[PDB]
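What follows is one chain in C-alpha cells, specifically the form deposited in one PDB entry.
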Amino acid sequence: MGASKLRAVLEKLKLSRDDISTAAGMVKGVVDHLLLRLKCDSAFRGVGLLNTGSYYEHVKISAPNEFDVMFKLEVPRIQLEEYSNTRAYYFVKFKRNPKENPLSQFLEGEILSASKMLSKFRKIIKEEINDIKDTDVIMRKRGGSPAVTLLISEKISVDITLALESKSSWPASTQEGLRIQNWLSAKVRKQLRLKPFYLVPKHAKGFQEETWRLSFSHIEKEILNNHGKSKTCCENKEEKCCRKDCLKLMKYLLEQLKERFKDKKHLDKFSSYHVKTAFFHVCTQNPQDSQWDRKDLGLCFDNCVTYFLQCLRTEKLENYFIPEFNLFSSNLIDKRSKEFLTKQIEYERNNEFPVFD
C-alpha cells in the first residue's frame, strides 16, 4: 500500500523514456560532429566516446532533456603526482619527451596544464558549434568538468566533459576501495581493476588550478548493469530486484528537494553522485539479491534513506573507490547544510514522501 506510491512514481519517471530516441538522435549527431572535428587536431587525435553506443547518460532522473557525455583521450605512460593528501586529485606528468607527446603544447613546465587543454578544447567546440544549425554553447564555473554545455534547439542540453584515459594500474589511493568482494565477487573486482581509469580536470581546495580528479563512471555503469550476486539477476520473472529502482528514487528524492528549496541555498552542494555513492555502500552491506526483492521495495528504499541520513548526521560518505576521500567532509559541505537536508529527508519519510506527488 505504501510501496504502491513508490511504484507509481517510478512508472511516471519511466514515462519520459519512450521519446528519448528523438532527442538522443540529436545528441548523437552533435557529438559525432564534434569528435570528428577534434580528431582533426593534433593534440586531440585520440579523442573518443567512453562507451560507443552509449552516447549519453542521464544524471538527472527528472530532467530527461539534459544529457551527459564524456570525451576520453588516451595518455600513454602517464605519471601522476598526488596533490596535497587529497587522495583523489593529481598533477599529471609524462614519462616520455614532448617530441613523443602530443599534449606537449599544453605543458606548463613539467605538468599538464588543465586550463590550457580546457581552453583549446572549448575553443574548438565553440568555433565548431557556430557552424551547427540549432545548437549553442551556454558554458563553466564547475572546476573544469563539465567543460561545456550545449543547447540543441532551445530544449535539449548536453554536458561535455573531457577526460584523460590511462591504462596503467589504478593509483594507490584506490587500493582499499571498490569493496565488492562479498557482493559481486573477488573475480569481478579483479577484472574491473584491470580496466582503464580516467582523470577529469577539477580544481581543488583560493584554488589549485591544474589538478585532475580520478573518475570511475565507466565502472559505476558496469556495476549497475550487472548488479546482482546471481549472474541472472533481473533476467527473468523470478529474479527481479529493486536495486536500480531504489537508486532512481534516491536520485529523484534529492532532485525534488533541491527544486523545493532552490531559493534557500543549502542543498546546492549535494548532487546525484552523493546518493549514487551511498547507494553502492548499501549494496555492499546488503549483498544478497534476496535483500532486494521487488516485493520489499518499500523496505529496501527505506534502508537507502536510513543509510544516507546516517551519512549526513555523521558527516562521512567515503568515495566508493577512494575510501580516504570523504564527500561529506566539513571542508566540502558545512554542517548547517547537512542538518538542513537531514531535517527535510526526515520530514519526507515521516509523511510518505509528499515531494513525490
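Heads up: residue numbers just count along the shown sequence, starting at 1.
Here the subject shifts to the form deposited with a small molecule bound, a form of this protein not shown in this document.
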- If you check in the deposited complex, is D293 within 4.5 Å of the small molecule, heavy atoms only? no
- Message: So, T314 and the small molecule: in the deposited complex, are they within 4.5 Å at any heavy atom pair?
- Response: no
- Looking at the partner-bound form in the deposited complex, is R243 within 4.5 Å of the small molecule by any heavy atom? no
- Query: Taking heavy atoms and a 4.5 Å cut-off, does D32 contact the small molecule in the deposited complex?
  - Reply: no
- Message: Only one of 77-85, 105-113, 128-136, 216-224 has heavy atoms within 4.5 Å of the small molecule in the deposited complex; I'd like to know which.
- Response: 216-224
- Item | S330, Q288, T306, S54 - the one with a heavy atom within 4.5 Å of the small molecule in the deposited complex | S54
- Task: Select from the listed residues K248, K229, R193, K276 the one whose heavy atoms reach within 4.5 Å of the small molecule in the deposited complex.
- Result: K276
